[PDB]
Each structure stands twice: as C-alpha cells, then as structure tokens.
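Listed next as structure tokens is one chain, alone, in the form deposited without the ligand.
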C-alpha cells in the first residue's frame, strides 16, 4: 500500500472568508481525486512549545452559517455530535464518505516557522512538541503530521526575514537539531500508532533551492518520512529580474539565472536528483503550483520568457498579492490562482498562452502590456504525469488546492469581479492528475544499494565534507579494522547524485561511471597509501554543487561494514 501513487493537496485555512481566494472551504476540496489532504497550517506556541492553531476560529469554531457548505449538490451540515466545529468538523464529516483519504496537519510554512527555532533548542522542548502532535492528531482525527520548517538551513538569511532574530544566531546547529526533531516525531508517532491500532504518518515539505540546500548537510531525516514533498515551485518570481518559469520540470540551459552554473538547478528534476542521495523515487513527491508569479514591463525575451523586469505584475494580474498594511494596496507579485488567469484570457484576446517544450510548462504573455505570468494547464499536467511514471515518483503534492479551476456558478457575462468570471475553483487539473496516476499503476520498489549484496570487509568508510558554493570539498576517512595491513592501490567507490559533478581527486586516480540517477565515483589510491591495522587514512577532493548524501559505498569490491 505504501507503493500506491499519492496525490497530496494543501488545504488553505484562510481561503473561505477571502474574495481573492474564492471563498474556498472544505466542501470545495477535490475529495474524489486526492489521496491526502494537508491542513495548512498549525504553528508552535512561543511559550508552551506545543502545536497550536493559527486561525483557531476557522479551524474549530466557525459554523459556516454565512457560507455555502455543499457537496455533490447536497447541503453539508456540520456533525452536531463532534465537540468542535470549524474546518476540522467539515473534514471529519466528509471523511465518513471518503474514509481512504488521509488527513494530515501541516506545521510551519512561511509564516508559521518562527517558533520552531526556539522549540528545537532543547531535547525536552522537542519531546514536548512531539507529544503535543500526538495529542492533537488523536483529538481532531488526523492521520499524521507534516513538517514544513522553512528552513532548517545554515544558509545565512534564508527563511522568513521576520525571523532572522531567531534563525541567524542558530545557523550552525539548525540542520542537526532538525534531524533530532524529525527522528523524535517518528518515534513518538510510531508508538501512538501501536497504542491506537492506527497507521499514523509523518511527512515533510522540503526546499528545492540549491541556495538553501547548501546549508543542509545531513538529510538522514528523510528516511523517517512516509514521503518527502519537494517544493518544486517558487523557483522564479518578482524578487529578482529573471523572467523565468515558476515551476519548470526539466533543466533549461536558457534559464538566465543559472546560465553560468555547471548545470541548471531551478527545476524539479535537479531537486529529484539531489534527494535521490537519501531516498528512493517512490518516496519522493513532485510539487505542483496552482498559482502564478509574474512581471510587467518585461524587456527583451521571446514572448517575455528569458526577459528582464524590475517590476512584478500588479493590479488585475496580482489578485493574490499580499496586503502588507491593509490598505487594499497589494504588493506586486504577479500572483493569481489559475482560474483567474483563465478569466483574464476570456476578457483579453491578446493575453495568450505559450508552451515551453524544454521546461515543459506553459506561460502567459500579453505582448502589448509586456506582462509575463507563469501558468499550469492540461499540457503541463500531462508532462508531469510522464515524469512521475518515468522516474517512479511517489506522486505529487499541490500548492494550494483552491487554484485549480472549473465552471463558475456565479458567472456574470461582462463582469470584472474576481468571483463572477467564467471560471472559479474546481478540479479540472486535479482530476486529470488523479486519472493519470491511476492509469500508470503502483510504484516499483527500488532495490537496495548493491553494496549490501557484496562480501563484507571490516573497513569503515566515512564520507564528510564542507560546501562553499559551488565547491564541495570532501574528506573520506578509511579505517582498517582487519588484522592485516591493506596494501596501497586499494579503491573505494561511492554513488554521487547527478545533482553534482565530481571534479577532482587530490591523490591517486579516479573514474566516473554512469549509474542511473548517480555517477559511480571510483577512487584508486597509490601504492604508498597502505592502511595499517586499527589505523585511518584520509583522502580528499572536489565536487561541484551539492547532494543530499552518497550511496552504495564499496571498498576493494566488498561491503565496508566497519567494526
């Protein structure tokens, strides 16, 4: 059952009362197509270090008397026998008719990560938080916990700048403490599963940014997750000048932001290769956006793409813009749900859609106003399905579910009101994904690393290093725990994810052999590099770009099992 394809959707707690979000509530979720629903979002309490609700009223108090709760044309009433109302009541009520859809509480996000920084400071606070997550999923009928820490990285000035006062003093330890957090959550959740006779889940949404990942050395935490959701979006946007795709699939040598790097990194497939260092494909999910980012007054490019702009798209091209000071004056971002862009194209014949066959995503370009907005449509869904099948991926996650589209019951011909266009939210793309995931069948089980099938040798191989972008300097310690000297000319091999390129060994010689999502690096030492019994020898070299970890380590054609 763990090899089943997954279609994971984030539910926005905030949407049901917001015009720009379409007033999307739980009865608008794509229940027939999703396998998992991630409730966005919970946080960590600053004083108790326990899981806590963001909008408590929305989550457990709202009666929706002023809103339209209906599903399949039938009015949905809150279950009066539950001791809470809100979204959580509607979720549990719907779950009765969709018992195989898993519900998870997502903790964190861009604005909910702040108190993670102080909670991870001590093991007792981590224990308190993990225990509180168990209490919470029991109380509210959740099937698991999703951790969306943005970001547990040493990279200076990553994460929300509002939190620099907490993150910057902690950079050197965040990755280590995050690994303890995830491991502790797994331990507590597994115990609760046994106690309750339920199979509770632990998942995480994780960065796809090479910049953030340069400060994330230990990715062992991934092995404690039921699945790892790659946030393969927000690659490009109004924060800089590069008019490029929000969520490209394949590496694009024409992406101006990375044209000089050793390979194009701002695409799903680069992050896939990165995380293959620690996970099989069937535990990795592709992130899919149902929103846009964009620019206006675009200079150069072709249909805007690969042009430049210092002015993100504004006005009707930015209905999801953040309102920083409640003026109704939204920060330019070119950010829209997909249905709004469809409505804009109904009204403007010169707002046209184009296809990028390299990145395999669409984009929208207004040639008179010079407006470029990223996009997502049936063609990109089909390309994403092909990728998921080709790579044996676990499936996809969607950010956020109210951006999919369908026909609007409140359509008014000629209206420019946000919720009176031809389209509103719907399930067009999500149903198409679900159908394609069904058609391709379950994932294959990725075989174990081949090294475990080899004869053992009592040699310990330890791979460490330091990243100074774009250079990874590795140091490998090889300890001979046998009772005989190992002669020089020994070789060690390891599989290096194709997110990185082996550059040089500083001693001996090396070969590079293609091995799927990896290159097998074989380092052959010189005759003088004898390893005495109970002694350690260290070799170094250089790798370009970063990687989640290395795999399939061998020594002299055998499995190094250390001591």
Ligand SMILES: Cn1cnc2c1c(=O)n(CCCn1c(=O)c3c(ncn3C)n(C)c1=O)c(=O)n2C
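Numbering follows the first chain given and starts at 1.
The next section is about a form of this same protein that is not shown, the form solved in complex with the ligand.
The pocket of the unliganded chain is judged open, since the ligand, transferred from its pose in the deposited complex by superposition of the C-alphas around the site, places no atom within 2.4 angstroms of any backbone or C-beta atom.
In summary, the region of this chain contacting the ligand in the deposited complex, judged by heavy atoms within 4.5 Å and restricted to 276 to 284, 228 to 236, 366 to 374, 122 to 130, corresponds to 228 to 236. Residue contact with the ligand in the deposited complex: residue 395 places no heavy atom within 4.5 Å of it. The closest non-hydrogen atom of residue 11 lies beyond 4.5 Å of the ligand in the deposited complex. Using a 4.5 Å cutoff between non-hydrogen atoms, residue 426 does not count as a contact of the ligand in the deposited complex. Contact annotation for residue 404: none of its heavy atoms lies within 4.5 Å of the ligand in the deposited complex. Here the marked residues 272, 495 and 518 all miss the ligand in the deposited complex; none has a heavy atom within 4.5 angstroms. When the ligand is considered in the deposited complex, only one residue from 178, 399, 467, 142 comes within 4.5 Å through any heavy atom, namely 399. Of the candidates 291, 136, 117, 472, 291 is the one whose heavy atoms come within 4.5 Å of the ligand in the deposited complex; the others do not. Taking the ligand as positioned in the deposited complex, the residues of 130 to 159 that bring a heavy atom within 4.5 Å of it are, in sequence order, 148, 150.
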